[PDB]
Amino acid sequence: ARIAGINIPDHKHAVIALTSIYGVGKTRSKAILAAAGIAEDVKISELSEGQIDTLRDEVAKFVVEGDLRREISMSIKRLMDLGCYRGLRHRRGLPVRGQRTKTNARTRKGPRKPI
Amino acid sequence: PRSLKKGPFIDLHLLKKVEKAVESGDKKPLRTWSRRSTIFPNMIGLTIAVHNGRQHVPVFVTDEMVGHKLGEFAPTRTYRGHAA
Amino acid sequence: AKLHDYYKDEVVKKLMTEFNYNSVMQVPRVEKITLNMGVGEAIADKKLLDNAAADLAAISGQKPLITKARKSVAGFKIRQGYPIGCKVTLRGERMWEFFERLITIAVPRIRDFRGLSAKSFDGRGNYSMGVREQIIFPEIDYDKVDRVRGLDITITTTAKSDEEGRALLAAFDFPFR
Amino acid sequence: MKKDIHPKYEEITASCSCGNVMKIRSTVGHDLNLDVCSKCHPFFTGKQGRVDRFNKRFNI
RNA sequence: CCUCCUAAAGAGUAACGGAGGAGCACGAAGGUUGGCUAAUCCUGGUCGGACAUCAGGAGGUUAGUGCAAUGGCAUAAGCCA
RNA sequence: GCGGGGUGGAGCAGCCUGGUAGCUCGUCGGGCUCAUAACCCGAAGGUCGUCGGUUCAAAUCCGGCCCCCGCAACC
RNA sequence: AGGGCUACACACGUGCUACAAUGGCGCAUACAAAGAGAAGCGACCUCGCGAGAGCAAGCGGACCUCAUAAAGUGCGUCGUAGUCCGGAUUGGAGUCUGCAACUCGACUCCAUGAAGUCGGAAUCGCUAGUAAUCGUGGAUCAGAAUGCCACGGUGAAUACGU
Ligand SMILES: [Mg+2]
Ligand SMILES: [Mg+2]
Ligand SMILES: [Mg+2]
Ligand SMILES: [Mg+2]
Ligand SMILES: [Mg+2]
Ligand SMILES: [Mg+2]
Ligand SMILES: [Mg+2]
Ligand SMILES: [Mg+2]
Ligand SMILES: [Mg+2]
Ligand SMILES: [Mg+2]
Ligand SMILES: [Mg+2]
Ligand SMILES: [Mg+2]
Ligand SMILES: [Mg+2]
Ligand SMILES: [Mg+2]
Ligand SMILES: [Mg+2]
Ligand SMILES: [Mg+2]
Ligand SMILES: [Mg+2]
Ligand SMILES: [Zn+2]
């Protein structure tokens, strides 16, 4: 139930449950359950504590929730402080990869602020 | 980005100017136009002026910018916000 | 009685040589641990204080004292006599048994633990800290987490300075950063 | 201590992955099993850029 | 009708003199026994900020008194059972 | 002297009995028409003349005042 | 030479992707039509998770390549959840085109997983192999399609009447 310092859903499969350790999607999920040999279809409700800590060891081979969160924030802080175009683009809460800003670009800009 | 198989791009004039400026210390700014030059480990300490369309920016090169292009440090558009 | 005997058997001797105190009486003790909970959203949910207090007993092993507002406050919309929290005072055996679990089981289970701060000595050596989630302690059933509440731990001591308190607290393996 | 109001406080076994088996008293009523402990933590035992990756990826 | 000043250090003392309150409340907010001690700020603290609760210090009544003001109140007349 | 009211841009309900800001026209956004008006759909704008006091809390209570005001000024 | 036509409080048209279960994901498996290619289409084979790389046949083409059609089918699971829906944004590591992907490219992998839970006033298209849905190719073009132009597969509803 407890993998990488966090909890995984007991009523779901293994592939799906591991999609909650922020830093592993589906591919890495199949990769864990290959390197550990648990069938992708089994619900972790049906594991033993040893299978569960083997799941912990195989996930332990990556940068995860705390690691990933703060290392990502470190990269975006490098960008923030570099003053490069990505620096201004994150300082501005604007898009950062050249999408159009005449129109929607709303995922960044948020809701509309009418004049 | 540029694929690794080719190596990091650099403009001849930029590289030779930083080169004969390297061997002569931190001289005057090296006003450059090639905003497409990638930055090289030996320019740490250089002050080089880059073009934004009309001006040259006094961009001091640090260790931390290595690997990126030169033109990312000179904004080409001036936007001080709408309805100011 | 695990960490209390660890004090009486290792820590008094270590701090009698660090500072070269005259007598054992001058060596600092860990005299009480106070566990508080501000439940100020209980203005319209009285079941909220009496649920978040139902967790402090499970954390402490001991029924908490419902705490009341001292004065009237239109800022946070309270009145003197309104109970807006709860505390437990731990001493003696149960204090040490809570403290040891706090070391061995409780703080290991915090999301992204980077080392307890050393900036929380109030000038006289007493240590308070925050626990932003009540599920670092295992006595909570994580299946019945009906809300995410926190708490302040406060550890009071006969330590006279910040230095002596961080020292006493360091012969006990507190993870400073 | 007063009677009739405090939870049931008795000693169970907090078993850790590492082989760290400690006896505590607790209001759980049933045994513990842990993933992390004061002697198996990253921090509690010591588990816790551009020129570099340049030379790693770009040869001249 | 109550409090203070005018009122001249006993009492009392006027003006369409200077300032404020009352026309209640409470079966506890009364009796007694046991116990307790404020304001304010400061430092540390999950949320939580000038200001909530916790912990400690400084401070010593600057608090409190069911409602004005004056006189009182720690042995409390203030706070709890 | 006695007695009133002041509340988004304009005009007024909300007060007596301290909590739980409204209407109509206006403004802005979009509709409809060839376009405009009408018509329809949304939204934003007032913590209440300055302010002291009491209070758990003030647009509401009181008052120093501020504006606009009305009835009194007689033998 | 560089910079801009790629901006950005907002408003509008035009489309795409969804909000799921008549559907999503894994597996195998079926039936197209049309069309391009010599400074080009480029197979086999080997190499890389993959986009692609290497070496290397055929074709001025009813022969070679482009180029395995998807819907569908069967098997398994998902079991109504902001989800095994959604794929925006964002970080890292990438490939390739062309001197040259900072402004400002197109695709890959990993991680992230936003709004969105069927849409106010209003308003558009279609009377049949039509709408609806599902893939295919072409021009432009070094690279740079959710657009246009063209091609099939499945395949409706309804028309009293003016
Ligand atoms: Mg673009
Ligand atoms: Mg007298
Ligand atoms: Mg006298
Ligand atoms: Mg007389
Ligand atoms: Mg009166
Ligand atoms: Mg008494
Ligand atoms: Mg009394
Ligand atoms: Mg007359
Ligand atoms: Mg244009
Ligand atoms: Mg042809
Ligand atoms: Mg082509
Ligand atoms: Mg999805
Ligand atoms: Mg991915
Ligand atoms: Mg939503
Ligand atoms: Mg849904
Ligand atoms: Mg199509
Ligand atoms: Mg092209
Ligand atoms: Zn352990």
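Naming: A, B, ... by sequence-line order, numbering from 1 per chain.
- What separates CE of C:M129 from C1' of E:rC47 is a distance of 14 Å, to the nearest Å.
- As judged by a 4.0 angstrom heavy-atom cut-off over every strand, A:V24 is placed among residues touching the sugar-phosphate backbone only.
- The distance from the NZ atom of C:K87 to the CG atom of C:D152 is 13.0 Å, given to the nearest 0.5 Å.
- When both pairing distances are held under 3.5 Å, E:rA58 makes a Watson-Crick or G-U pair with E:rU40.
- The closest side-chain donor-acceptor pair between A:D10 and A:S45 falls under 3.5 angstrom.
- Within the nucleic acid shown, C:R79 comes within 4.0 Å of at least one base atom, counting heavy atoms only.
- G:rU95 and G:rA106 make up a base pair, with Watson-Crick or G-U wobble contacts both under 3.5 Å.
- The residue A:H90 sits close only to the backbone: its heavy atoms come under 4.0 Å of sugar-phosphate atoms, none of a base.
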Detail all sub-3.5 Å separations between protein N/O atoms and N/O atoms belonging to nucleotides 4-7 of chain G.
unit_1 : atom_1 : unit_2 : atom_2 : d
G:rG4  : OP1    : B:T76  : OG1    : 2.7
G:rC5  : OP2    : B:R77  : NH2    : 3.4
G:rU6  : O2'    : B:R77  : NH2    : 3.1
G:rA7  : OP1    : A:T101 : N      : 2.5
G:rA7  : OP1    : A:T101 : OG1    : 3.3
G:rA7  : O4'    : B:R77  : NE     : 3.3

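- The CE atom of B:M43 sits 3.5 Å away from atom CD1 of B:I48, with the distance rounded to the nearest 0.5 Å.
- Within the shown strands, G:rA28 is the pairing partner of G:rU73 under the Watson-Crick or G-U definition, both distances less than 3.5 Å.
- Nucleotide E:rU3 has E:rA19 as its partner under the Watson-Crick or G-U criteria, with both atom distances under 3.5 Å.
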What does the list of N/O pairs under 3.5 Å between the protein and nucleotides 55-62 of chain E look like, with a distance for each?
unit_1 : atom_1 : unit_2 : atom_2 : d
E:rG56 : OP1    : C:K32  : NZ     : 2.6
E:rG57 : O2'    : C:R124 : NH2    : 3.4

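- Side-chain atoms of B:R2 stay outside donor-acceptor range of the base of G:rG94, with no qualifying N/O pair under 3.5 Å.
- By the rule that a glycosidic angle within 90° of 0 means syn, G:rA111 does not qualify and counts as anti.
- Distance C:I78 CD1 to E:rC54 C1': 14 Å, rounded to the nearest Å.
- The nucleotide F:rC15 finds no pairing partner, because no Watson-Crick or G-U wobble arrangement with both distances shorter than 3.5 Å includes it.
- A negative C1'-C2'-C3'-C4' torsion places the sugar of G:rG82 in the south, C2'-endo-side range.
- Searching all strands for a Watson-Crick or G-U wobble partner of F:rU33 with both distances below 3.5 Å returns nothing.
- For C:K46 and C:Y82, the positive end sits near the middle of the six-membered ring, less than 6.0 Å away and at most 45° from its axis.
- Between A:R28 and G:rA111 there is no side-chain N or O to OP1 or OP2 distance below 4.0 Å.
- Residue C:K160 is out of contact with every strand shown, counting any heavy-atom pair closer than 4.0 Å.
- When Watson-Crick and G-U wobble pairs are counted only if both distances are under 3.5 Å, F:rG70 pairs with F:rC2.
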